[PDB]
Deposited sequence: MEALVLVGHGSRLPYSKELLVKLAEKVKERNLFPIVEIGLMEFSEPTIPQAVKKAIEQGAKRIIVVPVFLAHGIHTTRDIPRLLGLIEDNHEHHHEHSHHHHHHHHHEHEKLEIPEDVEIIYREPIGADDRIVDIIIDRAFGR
């Protein structure tokens, strides 16, 4: 009924996609969502429209799109809401729910501190 679509930037290097794939596996391992797909904005497959359609084709009416980006910017406020046709292929009786990016979350400061000490 509900699907989780994780959306990342994409790069010409492979690390960005690898990251999204790992993240999606980890959310799969938590068994919270019936359906979990990934999409990359640029340079990589699957693309955002691809991931969105793949979620509909598995029988999702409500698509939760989380932008796995640190902050808001051009990507999260123009490009992505575009590719989701939220500002200008979605069946009329399906809603895209566009969520918020990671932000300055306390857990991010925990991670930064670990990273500072090579952990």
Revision key, fill the gap. Per the record, the structure omits deposited positions 89-112
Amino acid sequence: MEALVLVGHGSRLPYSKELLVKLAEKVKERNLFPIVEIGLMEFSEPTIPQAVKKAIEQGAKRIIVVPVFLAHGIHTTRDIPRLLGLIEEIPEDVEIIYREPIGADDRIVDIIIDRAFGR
From here on, numbers count along this sequence of modelled residues.
Check your understanding: For the stretches 66-74 and 45-53, which has the higher mean C-alpha B-factor as given in the deposited record?
Key -> 45-53
Study note, to complete from the structure: Going by the entry, of stretches 35-43 and 89-97 the one with greater average Cα B-factor is 89-97
Practice item. Going by the recorded CA B-factors, say which third of the chain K61 sits in, lowest, middle or highest. Key: highest
Check your understanding: How does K26 rank on Cα B-factor within its chain, lowest, middle or highest third?
Key -> lowest
Point to revise | Chain third (lowest, middle, highest) by recorded CA B-factor, residue given as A116 | key: middle
Check your understanding: Compared with the other modelled residues in the chain, in which third is the CA B-factor of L4?
Key -> middle
